[PDB]
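Residue numbers (this note's numbering), protein chains in the order written: chain A, 533 to 840; chain B, 533 to 840.
Yeah, the Cβ is synthetic: ideal placement off N, Cα and C, and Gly gets one too.
Only one structure is covered here, and it is reproduced in the block below.
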């Protein structure tokens, strides 16, 4: 039983302040997510989800996917679902969060200068060498363990080259990709994995058969990061309801524009109570994934993957 | 308790044959679906579903929608869902089905010549005036009741004008509708109802508040009918399962080309067993629906509404 979400390592550097970083039970699931749903919601505006790919016969298999927790009226910066290393400091208000968390983000985005800055600010603590030093280092080491696990370019890092993943279908078919793939490559191993687990391809080619799961992108990748935006026009309606919203800062005053329905819909809903429902979620679709026939795809372990 | 399934009236004209028309339980649901799911599947390759549209503050708003039962290899009449009056007799192999249901289809598509042809052929028999005539007429009258119920141009037909529905968003912006709507308007009241009932709009404007439920279409209406296709590229993958497939005629020899997955996927199922799943269905989307601010949209009755 191991808690595998990165931000679960967040403890206060002040040993006198008891702090328990909260996470979903899915943190103990040994899978490709190295972030637990509670964190994912709270920091990347996403919710975990599974896409059960079915066959025409009785066979099937499951693939992970996430969905937006981004509203219809959000704009600009608010659409940056996963920021790049050049703007995550503007997207995440690092000053408003715990230094253990700050540290983690800088490790995720490889900002060693900031990592060292944190160290330098804390080394003057009167009880630094006594307890703070140890605590900080522990958090660091744990985070690094995970980062190295996901990073395909580390010592003895196993990497699968049997699967391709492109975020540019028009050049993906030629097995080359485009700017979005260059950008993808510029992310840390963790972040690349995160994107791979959250964003499903529009197309999936297994062997030769091409499965178009969706004929329409729901998100894009650009120089600002993974962006929760519609590439062809008006944003999709997305009701950001409660039960996946938490007032993690009881004293922080926060306002919101809320869409409210009026009229008595209960009777209508009762007349339609006997039919199967289709969810109004907005899952992440983008790109072209290719699985070669020789790939042991159904393996239940974790392994970094990369495009040759 | 009233069975409102069109085709429930199907019974053999030969009185010695106790033919039963097996409509599903939803035939007794008083709503816009004047066809039961079994027949909807059987004849139109669709499955009944609901879009539980939610606001951002505890209100639910269900809406009907159908699901496609067409794969990604089918084409032409194999992909046409609801054929026009000019080709339904080519799409539906009427010569291999019961005369009672042939009659119904001709009533649906206003083919009076065929209606009369059926009548005439049945006139010349042993119990025409004794039993068959009555049975035929009963079926006819029942069907007509349904057709008139849905037809907005009938005597004292209750018609709502609190909703506009276009199957051409570009032109719908100016409330035009284009050729798509012109084609739509050539369908019977029943068929126009069915199409609106099954096909959800990409856009929904309620009192100027525009929502977007899907950024790309999944349905196309043209001169051949309602077609299960896409605006561009290859067709969407759609795993048609045996749970929807029904062997109506066991003597009819039929070959299917289906896919098969190999490998043990149960481990992945276990791995992801604690996550919420998003379906791989392909719902019917096409159009721009506009709701008048002074509507009575939430009524639980049936009104054959229509564009003015």
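Item                                                                                                                                                                                    : Value
Hey, residue 766 (chain A) and residue 791 (chain A) are a contact pair by Cβ (cut 8 angstroms); roughly how many whole angstroms apart?                                                : Contact flag wrong, Cβ pair sits at about 15 angstroms.
Quick one: is residue 763 (chain A) buried, meaning 16 or more other Cβ sit within 10 Å of its Cβ, or exposed?                                                                          : exposed
Check whether the Cβ of residue 567 (chain B) lies closer than 9 angstroms to any Cβ atom in chain A.                                                                                   : no
Runs of 4 residues minimum, wholly inside the region 692-732 of chain B: which ones carry the alpha helix (DSSP H) assignment?                                                          : 701-704, 710-716 and 721-730
Should residue 741 (chain B) be labelled buried (16 or more other beta-carbon atoms within 10 Å of its own) or exposed?                                                                 : exposed
Output, in chain order, the set of chain A residues within a Cβ distance shorter than 9 angstroms of residue 744 (chain B).                                                             : 604, 762, 765, 766, 767, 768 and 769
Kindly indicate if chain B contains any beta-carbon less than 9 angstroms away from that of residue 681 (chain A).                                                                      : no
Where do the ends of the alpha helix (DSSP H) carrying residue 737 (chain B) lie?                                                                                                       : Where residue 737 (chain B) is concerned, there is no enclosing alpha helix (DSSP H), although the beta strand (DSSP E) it sits in stretches over 735-738.
Taking Cβ positions only, does residue 842 (chain B) come closer than 9 angstroms to chain A?                                                                                           : With chain B covering only 533 through 840, there is no way to say anything about residue 842 (chain B).
What separation, rounded to the nearest whole angstrom, lies between the Cα atoms of residue 591 (chain A) and residue 808 (chain B)?                                                   : 20 angstroms
Under a Cβ-count criterion, where at least 16 other Cβ atoms within 10 Å of its own Cβ denotes burial, should residue 673 (chain B) be classed as buried or exposed?                    : exposed
Contact criterion: CB-CB distance below 9 angstroms. Does residue 658 (chain B) meet it with respect to chain A?                                                                        : no
Can you pull the chain B neighbours of residue 584 (chain A), defined as C-beta to C-beta under 7 angstroms?                                                                            : 809 and 812
Let me make sure I understand the geometry here. Which of B:553, B:615, B:690 and B:654 has the alpha-carbon closest to that of residue 633 (chain B)?                                  : B:553
What are the uninterrupted segments assigned as beta strand (DSSP E) that are 3 or more residues long and contained completely in the region 549-631 of chain A, given in chain order?  : 578-586, 592-600 and 612-615
What residue range is occupied by the uninterrupted alpha helix (DSSP H) comprising residue 650 (chain A)?                                                                              : 644-654
Assuming the contact rule is C-beta atoms closer than 8 angstroms, residue 827 (chain A) and residue 566 (chain A) should be a hit. Round their C-beta distance to whole Å, please.     : Between residue 566 (chain A) and residue 827 (chain A) the Cβ distance is about 22 angstroms, and since that is not below 8 angstroms, they are no contact.
Output, in chain order, the set of chain A residues within a Cβ distance shorter than 9 angstroms of residue 574 (chain B).                                                             : Result: empty, since nearest Cβ-Cβ is about 17 angstroms, beyond 9 angstroms.
Between the Cα of residue 703 (chain B) and those of B:714, B:602, B:694 and B:695, spot the shortest distance and give me the residue it belongs to.                                   : B:714
With 7 angstroms as the limit, tell me which residues of the region 788-803 of chain A have their beta carbon closer than that to any beta carbon of chain B; keep them in chain order. : 790, 791, 792, 793, 795, 796, 797, 799, 800, 801 and 803
List the residues of chain A that residue 588 (chain B) touches, going by C-beta distances under 8 angstroms, in chain order.                                                           : 603, 771, 772, 773, 790, 791 and 792
Buried or exposed: where does residue 786 (chain B) fall if 16 or more other Cβ atoms within 10 Å of its Cβ makes it buried?                                                            : exposed
Within this structure, are the beta carbons of residue 804 (chain A) and residue 582 (chain B) separated by less than 9 angstroms?                                                      : yes
When you compare only the Cα positions, how much space is there between residue 723 (chain B) and residue 640 (chain B)?                                                                : 7 angstroms
Per DSSP, residue 744 (chain A) forms a beta bridge with which residues?                                                                                                                : A:735 and B:768
Give me whichever residues DSSP pairs with residue 757 (chain A) in a beta bridge.                                                                                                      : A:615 and A:754
If I'm right that residue 603 (chain B) touches residue 733 (chain B) with Cβ under 8 angstroms, what's the distance once you round it to whole angstroms?                              : Wrong, their Cβ atoms sit about 25 angstroms apart, outside the cutoff.
Within 10 angstroms of its Cβ, does residue 556 (chain A) collect 16 or more other Cβ (buried), or is it exposed?                                                                       : buried
To the nearest angstrom, report how far apart residue 837 (chain B) and residue 832 (chain A) are at their CA atoms.                                                                    : 53 angstroms
Taking the continuous beta strand (DSSP E) assigned at residue 807 (chain B), which residues delimit it?                                                                                : Careful: residue 807 (chain B) lies outside any beta strand (DSSP E) and carries neither H nor E.
Kindly list, in the order they appear in chain A, the residues whose Cβ is closer than 7 angstroms to that of residue 748 (chain B).                                                    : 747 and 748
Any idea what DSSP makes of residue 640 (chain A), helix, strand or coil?                                                                                                               : helix
When DSSP labels each residue in this structure, what does residue 668 (chain A) get in the three-state scheme?                                                                         : helix
Hey, how far is the Cα of residue 568 (chain A) from the Cα of residue 578 (chain A)?                                                                                                   : 11 angstroms
What number of angstroms, rounded off, separates the C-alpha of residue 811 (chain B) from the C-alpha of residue 684 (chain B)?                                                        : 36 angstroms
I'd like to check one pair, residue 728 (chain A) with residue 839 (chain A): are the Cβ atoms closer than 9 angstroms?                                                                 : no
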